[PDB]
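Participant: This is the structure I want to talk about, given as structure tokens.
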Amino acid sequence: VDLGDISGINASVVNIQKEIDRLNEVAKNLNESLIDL
Amino acid sequence: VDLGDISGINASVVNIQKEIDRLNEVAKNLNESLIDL
Amino acid sequence: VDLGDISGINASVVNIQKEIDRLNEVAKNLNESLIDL
Amino acid sequence: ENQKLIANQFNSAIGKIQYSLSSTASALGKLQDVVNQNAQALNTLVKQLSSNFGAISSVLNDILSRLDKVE
Amino acid sequence: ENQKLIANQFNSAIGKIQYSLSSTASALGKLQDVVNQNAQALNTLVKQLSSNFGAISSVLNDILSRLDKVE
Amino acid sequence: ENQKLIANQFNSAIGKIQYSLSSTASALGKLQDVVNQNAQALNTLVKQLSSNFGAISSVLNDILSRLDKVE
């Protein structure tokens with residue numbers, strides 16, 4: 001009796017922290033683009 | 001024979017409906033920012 | 001001995017490639033909206 | 001003339017950004033739906049697997065009892 | 001002079017928004033890839049688990065038959 | 001006067017786009033956290049299931065050995 005091996009089934013992880021950091025950085029930097037006549 | 005308990009393995013749920021609503025609200029409100037000379 | 005059937009448990013797949021393509025298309029088209037006085 | 005150009009370019013950019021925000025909202029909604037469906041799938045699988053190992057444990061215990069009796 | 005300021009600020013803002021839209025597109029692509037990989041993982045696991053419970057059920061049925069025969 | 005209008009509309013639009021970018025960043029962070037938690041859940045489940053099938057295989061092999069001995 002040899003049960004199938006499922007140890008190879010792996011679940012990847014996502015690392016989009018660079019993109020979230022860029023989005024927050026742009027949301028903060030857009031204050032430097034406001035027009036002050 | 002005591003098989004391991006896996007009942008604690010839970011999968012979280014995501015609730016980003018507030019953010020989707022804010023995005024659609026902004027996509028609708030940006031019409032109030034169009035320039036009409 | 002009748003073990004429960006778990007074959008119906010299916011995991012959906014997401015296809016947001018249209019939206020990613022629209023985002024990249026807009027990020028490229030916004031160059032046509034730059035002001036050249 | 002330059003003001004009309006600035007206004008036209010700004011309105012074009014705001015239209016494109018509205019398009020992009022609607023696309024992002026749709027993408028985030030689809031991702032939320034799929035992630036939540038897969039989470040419900042994993043939870044259903046965990047519940048069914050707990051039930052199935054309960055059944056297997058009960059059956060194996062009955063079998064071991066029968067063997068202890070026979071031998 | 002004020003027109004040059006408006007144009008420069010608008011071009012800077014459009015550049016930053018392009019950067020943000022590219023970042024959002026990259027993030028959504030990565031999230032899509034990972035969600036789909038985990039979905040394929042869950043489906044492969046469900047298939048393999050169905051096969052394994054099939055095997056376990058067959059073996060347990062053979063064992064119970066053998067016990068019914070012996071006792 | 002038209003310049004003040006252009007500046008006010010542009011500042012309003014940039015504020016709204018900042019709001020939208022913060023919302024998108026929050027949504028992507030939440031999606032990342034949930035996807036990673038579900039991935040860790042699937043990996044923990046796979047490890048525990050491998051252990052449990054190891055246990056079941058050992059027990060079934062012992063049982064089959066005992067039956068071969070008895071019969």
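Convention: chains lettered A, B, ... in structure tokens order; per-chain residue numbering from 1; ligands numbered from 1 as shown.
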Output the coordinates of chain B after least-squares fitting to chain C on all in-order C-alpha pairs, as a PDB file with N, CA, C and O atoms, in the first residue's frame.

Facilitator:
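The result, written out as result-v7.pdb:
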ATOM      1  N   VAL B   1     -17.667   1.217   4.658  1.00  0.00           N
ATOM      2  CA  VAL B   1     -16.852   2.404   4.880  1.00  0.00           C
ATOM      3  C   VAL B   1     -16.871   3.278   3.639  1.00  0.00           C
ATOM      4  O   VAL B   1     -16.266   2.944   2.622  1.00  0.00           O
ATOM      5  N   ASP B   2     -17.573   4.401   3.726  1.00  0.00           N
ATOM      6  CA  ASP B   2     -17.738   5.320   2.604  1.00  0.00           C
ATOM      7  C   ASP B   2     -17.166   6.672   3.014  1.00  0.00           C
ATOM      8  O   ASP B   2     -17.825   7.447   3.713  1.00  0.00           O
ATOM      9  N   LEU B   3     -15.941   6.947   2.584  1.00  0.00           N
ATOM     10  CA  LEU B   3     -15.332   8.237   2.848  1.00  0.00           C
ATOM     11  C   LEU B   3     -16.020   9.322   2.033  1.00  0.00           C
ATOM     12  O   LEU B   3     -16.447   9.101   0.898  1.00  0.00           O
ATOM     13  N   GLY B   4     -16.132  10.505   2.630  1.00  0.00           N
ATOM     14  CA  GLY B   4     -16.797  11.600   1.949  1.00  0.00           C
ATOM     15  C   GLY B   4     -16.072  11.972   0.670  1.00  0.00           C
ATOM     16  O   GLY B   4     -14.854  11.823   0.556  1.00  0.00           O
ATOM     17  N   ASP B   5     -16.834  12.448  -0.304  1.00  0.00           N
ATOM     18  CA  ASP B   5     -16.274  12.850  -1.582  1.00  0.00           C
ATOM     19  C   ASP B   5     -15.925  14.328  -1.544  1.00  0.00           C
ATOM     20  O   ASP B   5     -16.774  15.168  -1.240  1.00  0.00           O
ATOM     21  N   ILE B   6     -14.672  14.637  -1.854  1.00  0.00           N
ATOM     22  CA  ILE B   6     -14.183  16.003  -1.873  1.00  0.00           C
ATOM     23  C   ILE B   6     -13.864  16.458  -3.285  1.00  0.00           C
ATOM     24  O   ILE B   6     -13.282  17.529  -3.470  1.00  0.00           O
ATOM     25  N   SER B   7     -14.237  15.670  -4.292  1.00  0.00           N
ATOM     26  CA  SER B   7     -13.867  15.993  -5.661  1.00  0.00           C
ATOM     27  C   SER B   7     -14.563  17.240  -6.171  1.00  0.00           C
ATOM     28  O   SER B   7     -14.102  17.834  -7.150  1.00  0.00           O
ATOM     29  N   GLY B   8     -15.657  17.648  -5.541  1.00  0.00           N
ATOM     30  CA  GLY B   8     -16.344  18.847  -5.970  1.00  0.00           C
ATOM     31  C   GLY B   8     -15.691  20.139  -5.552  1.00  0.00           C
ATOM     32  O   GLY B   8     -16.021  21.191  -6.107  1.00  0.00           O
ATOM     33  N   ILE B   9     -14.776  20.089  -4.592  1.00  0.00           N
ATOM     34  CA  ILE B   9     -14.119  21.291  -4.095  1.00  0.00           C
ATOM     35  C   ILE B   9     -13.161  21.790  -5.164  1.00  0.00           C
ATOM     36  O   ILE B   9     -12.113  21.185  -5.404  1.00  0.00           O
ATOM     37  N   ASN B  10     -13.521  22.887  -5.811  1.00  0.00           N
ATOM     38  CA  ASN B  10     -12.734  23.436  -6.899  1.00  0.00           C
ATOM     39  C   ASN B  10     -12.287  24.835  -6.523  1.00  0.00           C
ATOM     40  O   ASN B  10     -12.950  25.519  -5.742  1.00  0.00           O
ATOM     41  N   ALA B  11     -11.159  25.252  -7.075  1.00  0.00           N
ATOM     42  CA  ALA B  11     -10.591  26.561  -6.807  1.00  0.00           C
ATOM     43  C   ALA B  11     -10.628  27.378  -8.086  1.00  0.00           C
ATOM     44  O   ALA B  11     -10.062  26.971  -9.103  1.00  0.00           O
ATOM     45  N   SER B  12     -11.291  28.524  -8.034  1.00  0.00           N
ATOM     46  CA  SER B  12     -11.450  29.344  -9.221  1.00  0.00           C
ATOM     47  C   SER B  12     -10.126  29.978  -9.618  1.00  0.00           C
ATOM     48  O   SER B  12      -9.185  30.051  -8.830  1.00  0.00           O
ATOM     49  N   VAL B  13     -10.061  30.437 -10.857  1.00  0.00           N
ATOM     50  CA  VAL B  13      -8.914  31.172 -11.348  1.00  0.00           C
ATOM     51  C   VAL B  13      -9.370  32.568 -11.741  1.00  0.00           C
ATOM     52  O   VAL B  13     -10.512  32.790 -12.145  1.00  0.00           O
ATOM     53  N   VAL B  14      -8.465  33.532 -11.609  1.00  0.00           N
ATOM     54  CA  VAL B  14      -8.759  34.928 -11.891  1.00  0.00           C
ATOM     55  C   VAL B  14      -8.121  35.290 -13.221  1.00  0.00           C
ATOM     56  O   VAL B  14      -7.029  34.813 -13.546  1.00  0.00           O
ATOM     57  N   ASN B  15      -8.817  36.108 -14.004  1.00  0.00           N
ATOM     58  CA  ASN B  15      -8.329  36.563 -15.305  1.00  0.00           C
ATOM     59  C   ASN B  15      -8.546  38.066 -15.380  1.00  0.00           C
ATOM     60  O   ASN B  15      -9.519  38.531 -15.978  1.00  0.00           O
ATOM     61  N   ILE B  16      -7.645  38.824 -14.769  1.00  0.00           N
ATOM     62  CA  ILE B  16      -7.685  40.273 -14.828  1.00  0.00           C
ATOM     63  C   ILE B  16      -6.669  40.808 -15.831  1.00  0.00           C
ATOM     64  O   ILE B  16      -6.163  41.913 -15.668  1.00  0.00           O
ATOM     65  N   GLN B  17      -6.365  40.033 -16.871  1.00  0.00           N
ATOM     66  CA  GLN B  17      -5.373  40.472 -17.844  1.00  0.00           C
ATOM     67  C   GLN B  17      -5.890  41.623 -18.686  1.00  0.00           C
ATOM     68  O   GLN B  17      -5.106  42.476 -19.114  1.00  0.00           O
ATOM     69  N   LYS B  18      -7.198  41.671 -18.928  1.00  0.00           N
ATOM     70  CA  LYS B  18      -7.775  42.812 -19.626  1.00  0.00           C
ATOM     71  C   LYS B  18      -7.537  44.104 -18.856  1.00  0.00           C
ATOM     72  O   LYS B  18      -7.192  45.134 -19.446  1.00  0.00           O
ATOM     73  N   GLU B  19      -7.688  44.061 -17.533  1.00  0.00           N
ATOM     74  CA  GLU B  19      -7.526  45.269 -16.734  1.00  0.00           C
ATOM     75  C   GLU B  19      -6.066  45.679 -16.628  1.00  0.00           C
ATOM     76  O   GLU B  19      -5.751  46.874 -16.653  1.00  0.00           O
ATOM     77  N   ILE B  20      -5.158  44.713 -16.512  1.00  0.00           N
ATOM     78  CA  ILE B  20      -3.738  45.041 -16.515  1.00  0.00           C
ATOM     79  C   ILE B  20      -3.340  45.647 -17.852  1.00  0.00           C
ATOM     80  O   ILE B  20      -2.549  46.600 -17.915  1.00  0.00           O
ATOM     81  N   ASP B  21      -3.893  45.116 -18.943  1.00  0.00           N
ATOM     82  CA  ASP B  21      -3.603  45.670 -20.258  1.00  0.00           C
ATOM     83  C   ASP B  21      -4.146  47.082 -20.392  1.00  0.00           C
ATOM     84  O   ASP B  21      -3.487  47.950 -20.969  1.00  0.00           O
ATOM     85  N   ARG B  22      -5.343  47.338 -19.862  1.00  0.00           N
ATOM     86  CA  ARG B  22      -5.878  48.696 -19.888  1.00  0.00           C
ATOM     87  C   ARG B  22      -5.020  49.644 -19.064  1.00  0.00           C
ATOM     88  O   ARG B  22      -4.796  50.790 -19.461  1.00  0.00           O
ATOM     89  N   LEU B  23      -4.527  49.185 -17.914  1.00  0.00           N
ATOM     90  CA  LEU B  23      -3.693  50.047 -17.085  1.00  0.00           C
ATOM     91  C   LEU B  23      -2.392  50.392 -17.791  1.00  0.00           C
ATOM     92  O   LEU B  23      -1.961  51.551 -17.779  1.00  0.00           O
ATOM     93  N   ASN B  24      -1.751  49.406 -18.416  1.00  0.00           N
ATOM     94  CA  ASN B  24      -0.515  49.693 -19.137  1.00  0.00           C
ATOM     95  C   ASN B  24      -0.780  50.558 -20.364  1.00  0.00           C
ATOM     96  O   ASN B  24       0.013  51.451 -20.691  1.00  0.00           O
ATOM     97  N   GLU B  25      -1.906  50.332 -21.039  1.00  0.00           N
ATOM     98  CA  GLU B  25      -2.278  51.164 -22.175  1.00  0.00           C
ATOM     99  C   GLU B  25      -2.480  52.611 -21.756  1.00  0.00           C
ATOM    100  O   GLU B  25      -2.078  53.530 -22.475  1.00  0.00           O
ATOM    101  N   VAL B  26      -3.099  52.839 -20.598  1.00  0.00           N
ATOM    102  CA  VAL B  26      -3.306  54.205 -20.133  1.00  0.00           C
ATOM    103  C   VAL B  26      -1.989  54.824 -19.692  1.00  0.00           C
ATOM    104  O   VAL B  26      -1.728  56.005 -19.944  1.00  0.00           O
ATOM    105  N   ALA B  27      -1.129  54.039 -19.044  1.00  0.00           N
ATOM    106  CA  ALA B  27       0.169  54.562 -18.638  1.00  0.00           C
ATOM    107  C   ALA B  27       1.019  54.919 -19.846  1.00  0.00           C
ATOM    108  O   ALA B  27       1.933  55.745 -19.747  1.00  0.00           O
ATOM    109  N   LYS B  28       0.744  54.302 -20.993  1.00  0.00           N
ATOM    110  CA  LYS B  28       1.464  54.673 -22.207  1.00  0.00           C
ATOM    111  C   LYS B  28       0.790  55.837 -22.924  1.00  0.00           C
ATOM    112  O   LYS B  28       1.469  56.707 -23.478  1.00  0.00           O
ATOM    113  N   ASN B  29      -0.542  55.875 -22.921  1.00  0.00           N
ATOM    114  CA  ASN B  29      -1.287  56.925 -23.600  1.00  0.00           C
ATOM    115  C   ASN B  29      -1.216  58.265 -22.888  1.00  0.00           C
ATOM    116  O   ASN B  29      -1.433  59.297 -23.529  1.00  0.00           O
ATOM    117  N   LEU B  30      -0.934  58.278 -21.586  1.00  0.00           N
ATOM    118  CA  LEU B  30      -0.870  59.545 -20.870  1.00  0.00           C
ATOM    119  C   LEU B  30       0.268  60.423 -21.363  1.00  0.00           C
ATOM    120  O   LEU B  30       0.326  61.603 -21.001  1.00  0.00           O
ATOM    121  N   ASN B  31       1.174  59.882 -22.176  1.00  0.00           N
ATOM    122  CA  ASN B  31       2.183  60.720 -22.809  1.00  0.00           C
ATOM    123  C   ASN B  31       1.573  61.603 -23.885  1.00  0.00           C
ATOM    124  O   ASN B  31       2.112  62.672 -24.187  1.00  0.00           O
ATOM    125  N   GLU B  32       0.459  61.180 -24.470  1.00  0.00           N
ATOM    126  CA  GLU B  32      -0.257  62.010 -25.425  1.00  0.00           C
ATOM    127  C   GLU B  32      -1.048  63.121 -24.757  1.00  0.00           C
ATOM    128  O   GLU B  32      -1.637  63.947 -25.459  1.00  0.00           O
ATOM    129  N   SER B  33      -1.084  63.156 -23.429  1.00  0.00           N
ATOM    130  CA  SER B  33      -1.771  64.205 -22.695  1.00  0.00           C
ATOM    131  C   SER B  33      -0.818  65.199 -22.057  1.00  0.00           C
ATOM    132  O   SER B  33      -1.275  66.130 -21.391  1.00  0.00           O
ATOM    133  N   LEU B  34       0.484  65.028 -22.238  1.00  0.00           N
ATOM    134  CA  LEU B  34       1.435  66.000 -21.732  1.00  0.00           C
ATOM    135  C   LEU B  34       1.300  67.312 -22.491  1.00  0.00           C
ATOM    136  O   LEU B  34       1.020  67.334 -23.692  1.00  0.00           O
ATOM    137  N   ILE B  35       1.499  68.416 -21.779  1.00  0.00           N
ATOM    138  CA  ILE B  35       1.338  69.752 -22.338  1.00  0.00           C
ATOM    139  C   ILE B  35       2.674  70.201 -22.905  1.00  0.00           C
ATOM    140  O   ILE B  35       3.692  70.183 -22.206  1.00  0.00           O
ATOM    141  N   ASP B  36       2.670  70.605 -24.171  1.00  0.00           N
ATOM    142  CA  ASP B  36       3.840  71.159 -24.848  1.00  0.00           C
ATOM    143  C   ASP B  36       3.444  72.541 -25.357  1.00  0.00           C
ATOM    144  O   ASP B  36       2.904  72.677 -26.457  1.00  0.00           O
ATOM    145  N   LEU B  37       3.709  73.561 -24.550  1.00  0.00           N
ATOM    146  CA  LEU B  37       3.314  74.927 -24.873  1.00  0.00           C
ATOM    147  C   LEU B  37       4.055  75.449 -26.098  1.00  0.00           C
ATOM    148  O   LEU B  37       5.264  75.260 -26.230  1.00  0.00           O
TER     149      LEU B  37
END

Participant: So that I can check the surroundings of residue 55 (chain F), please list as a list in words every protein, DNA and RNA residue that reaches within 12 Å of it, counting only C-alpha atoms and ignoring chain neighbours fewer than 4 positions away.

Facilitator: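 Here the answer would be residues 3 of chain A; 1, 2, 3 and 4 of chain B; 53, 56, 57 and 60 of chain D; 48, 49, 50, 51, 59, 60, 61 and 62 of chain F.
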
Participant: Compute the set of chain E residues within 9 Å of chain D, using only C-alpha atoms, and express it as a VMD selection string.

Facilitator: chain E and resid 3 6 to 7 10 14 17 21 24 to 25 28 31 to 32 35 38 to 39 42 46 53 56 to 57 60 63 to 64 67 70 to 71

Participant: How many Å lie between CA of residue 65 (chain F) and CA of residue 65 (chain E), rounded to one decimal?

Facilitator: 15.3 Å

Participant: Quote the spacing between CA of residue 40 (chain D) and CA of residue 33 (chain E) in Å to one decimal place.

Facilitator: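 Distance reported for this atom pair: 19.4 Å.
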
Participant: So which bits of chain C end up alpha helix (DSSP H) when you DSSP the backbone, as a PyMOL selection string?

Facilitator: chain C and resi 17-29

Participant: Produce a file of the selected residues containing N, CA, C and O atoms, as an mmCIF file, in the first residue's frame.

Facilitator:
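Saved file result_2.cif follows:
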data_model
loop_
_atom_site.group_PDB
_atom_site.id
_atom_site.type_symbol
_atom_site.label_atom_id
_atom_site.label_comp_id
_atom_site.auth_asym_id
_atom_site.auth_seq_id
_atom_site.Cartn_x
_atom_site.Cartn_y
_atom_site.Cartn_z
ATOM 1 N N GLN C 17 -6.365 40.033 -16.871
ATOM 2 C CA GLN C 17 -5.373 40.472 -17.844
ATOM 3 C C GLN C 17 -5.890 41.623 -18.687
ATOM 4 O O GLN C 17 -5.106 42.475 -19.115
ATOM 5 N N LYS C 18 -7.198 41.671 -18.928
ATOM 6 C CA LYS C 18 -7.775 42.812 -19.626
ATOM 7 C C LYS C 18 -7.537 44.104 -18.856
ATOM 8 O O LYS C 18 -7.192 45.135 -19.446
ATOM 9 N N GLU C 19 -7.688 44.061 -17.532
ATOM 10 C CA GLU C 19 -7.526 45.269 -16.734
ATOM 11 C C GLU C 19 -6.065 45.679 -16.628
ATOM 12 O O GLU C 19 -5.751 46.874 -16.653
ATOM 13 N N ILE C 20 -5.159 44.713 -16.512
ATOM 14 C CA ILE C 20 -3.738 45.042 -16.515
ATOM 15 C C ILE C 20 -3.340 45.647 -17.852
ATOM 16 O O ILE C 20 -2.549 46.599 -17.915
ATOM 17 N N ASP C 21 -3.892 45.116 -18.943
ATOM 18 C CA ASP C 21 -3.602 45.669 -20.257
ATOM 19 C C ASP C 21 -4.147 47.083 -20.393
ATOM 20 O O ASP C 21 -3.487 47.950 -20.969
ATOM 21 N N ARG C 22 -5.343 47.338 -19.862
ATOM 22 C CA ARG C 22 -5.878 48.696 -19.888
ATOM 23 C C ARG C 22 -5.020 49.643 -19.064
ATOM 24 O O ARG C 22 -4.796 50.790 -19.461
ATOM 25 N N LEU C 23 -4.528 49.186 -17.913
ATOM 26 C CA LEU C 23 -3.693 50.047 -17.085
ATOM 27 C C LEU C 23 -2.392 50.392 -17.790
ATOM 28 O O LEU C 23 -1.961 51.550 -17.779
ATOM 29 N N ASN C 24 -1.751 49.406 -18.416
ATOM 30 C CA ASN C 24 -0.515 49.693 -19.137
ATOM 31 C C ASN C 24 -0.780 50.558 -20.364
ATOM 32 O O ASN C 24 0.013 51.451 -20.691
ATOM 33 N N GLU C 25 -1.907 50.331 -21.040
ATOM 34 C CA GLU C 25 -2.277 51.164 -22.174
ATOM 35 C C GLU C 25 -2.480 52.611 -21.756
ATOM 36 O O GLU C 25 -2.078 53.529 -22.474
ATOM 37 N N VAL C 26 -3.099 52.838 -20.597
ATOM 38 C CA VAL C 26 -3.306 54.206 -20.132
ATOM 39 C C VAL C 26 -1.989 54.824 -19.692
ATOM 40 O O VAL C 26 -1.729 56.005 -19.944
ATOM 41 N N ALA C 27 -1.129 54.039 -19.044
ATOM 42 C CA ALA C 27 0.168 54.562 -18.638
ATOM 43 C C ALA C 27 1.020 54.919 -19.846
ATOM 44 O O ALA C 27 1.933 55.744 -19.748
ATOM 45 N N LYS C 28 0.743 54.302 -20.993
ATOM 46 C CA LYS C 28 1.463 54.673 -22.207
ATOM 47 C C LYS C 28 0.789 55.838 -22.924
ATOM 48 O O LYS C 28 1.469 56.707 -23.478
ATOM 49 N N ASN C 29 -0.541 55.875 -22.921
ATOM 50 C CA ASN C 29 -1.287 56.925 -23.600
ATOM 51 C C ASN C 29 -1.216 58.264 -22.889
ATOM 52 O O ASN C 29 -1.432 59.298 -23.528
#
